[PDB]
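Working notes, structure below.
Order of listing sets the numbers, starting from 1, for every ligand and every atom in it. All values below were derived from every heavy atom in this structure, side-chain atoms included, with hydrogens, water molecules and symmetry-related copies excluded. For this chain, numbers begin at 1 and follow the sequence in order.
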Amino acid sequence: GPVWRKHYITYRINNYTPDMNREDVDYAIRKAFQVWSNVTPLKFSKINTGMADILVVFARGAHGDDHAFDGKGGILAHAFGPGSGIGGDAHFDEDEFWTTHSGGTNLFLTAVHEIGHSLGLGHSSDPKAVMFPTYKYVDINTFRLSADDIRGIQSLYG
Ligand SMILES: COc1ccc(S(=O)(=O)N(CC(=O)N=O)C[C@H](O)CO)cc1
Ligand SMILES: [Ca+2]
Ligand SMILES: [Ca+2]
Ligand SMILES: [Ca+2]
Ligand SMILES: [Zn+2]
Ligand SMILES: [Zn+2]
């Protein structure tokens, strides 16, 4: 499927969950992009205005895309593969409780997965992969991509 055909990729945070400190949302998203730039030639920059490649959105229920959210639990987030318009965009269910830690749903870990999709990755069948489509908290301070994630992303870039 689709990949970004350029190395400089922009993102923008459309709005902020009230669940977290603003600075902690910025840092979680930044760190999640870094996971992928670590293993590809991509460079990611946060822009404050105008059209970004990847728009990061918090929203609940129906939110304008035909992929309605389902309240607390279940679907936590979804994202669109590379492309124009909404392509690349990553949406996070405001009905979850987003955190920097093991409580609620960890924003950083979820965003690593969502950004994987924004870059063109699909789901992995390997429970060890961040792209495995089941949320399970792991210690974020020492998080690492699985072999499967790295082979997946390096099949698309670099
Ligand atoms: C660690 O990163 C994630 C793990 C799971 C999910 S999820 O919302 O739970 N997911 C939807 C999805 O894959 N969106 O990209 C899976 C099923 O549809 C519902 O369980 C999101 C991010
Ligand atoms: Ca949900
Ligand atoms: Ca977009
Ligand atoms: Ca919330
Ligand atoms: Zn959406
Ligand atoms: Zn997914």
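- The backbone N or O of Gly73 sits less than 3.5 Å from a side-chain atom of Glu96, completing a donor-acceptor pair.
- Annotation: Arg12, atom CZ; neighbour count of heavy atoms from other residues, nucleotides and ligands within 6.0 Å is above 12.
- Considering only residues two or more places apart in sequence or on other chains, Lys6 meets the salt bridge (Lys or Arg N to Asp or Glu O under 4.0 Å) condition with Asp53.
- Computed with the Ca ion (ligand 4) at the centre, the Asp19 OD1 to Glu94 O angle is 160°, stated to 10 degrees.
- Taking each heavy atom of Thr100 and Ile140 in turn, the nearest pair found is O-CD1, 3.2 Å.
- The minimum heavy-atom distance between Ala79 and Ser118, with the atom names listed, is CB-OG, 3.8 Å.
- Looking only at distances, no side-chain donor or acceptor of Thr17 sits under 3.5 Å from a matching main-chain atom of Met20.
- Under the 4.5 Å side-chain contact rule for hydrophobic residues, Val25 and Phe97 do not share a cluster.
- Protein N/O/S atoms closer than 3.0 Å to the Ca ion (ligand 3), listed by chain and residue number, are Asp53 O, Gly85 O, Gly87 O, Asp89 OD1.
- Taking a cut-off of 3.0 Å, the protein N, O or S atoms nearer than that to the Ca ion (ligand 2) are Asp70 OD1, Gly71 O, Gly73 O, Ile75 O, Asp93 OD2, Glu96 OE2.
- Hydrophobic cluster membership differs between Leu42 and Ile47, with clusters built from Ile, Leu, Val, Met, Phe, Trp and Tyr side chains linked at under 4.5 angstrom.
- Between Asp95 and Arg60, at least one side-chain N (NZ, or NE/NH1/NH2) sits under 4.0 Å from a carboxylate O, which counts as a salt bridge.
- Screening residues 63-90 for ring pair (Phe, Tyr, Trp, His ring centres under 6.0 Å), with sequence neighbours left out, gives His63-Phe69, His63-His78, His63-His91, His67-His78, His67-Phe80, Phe69-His78, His78-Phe80, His78-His91, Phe80-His91.
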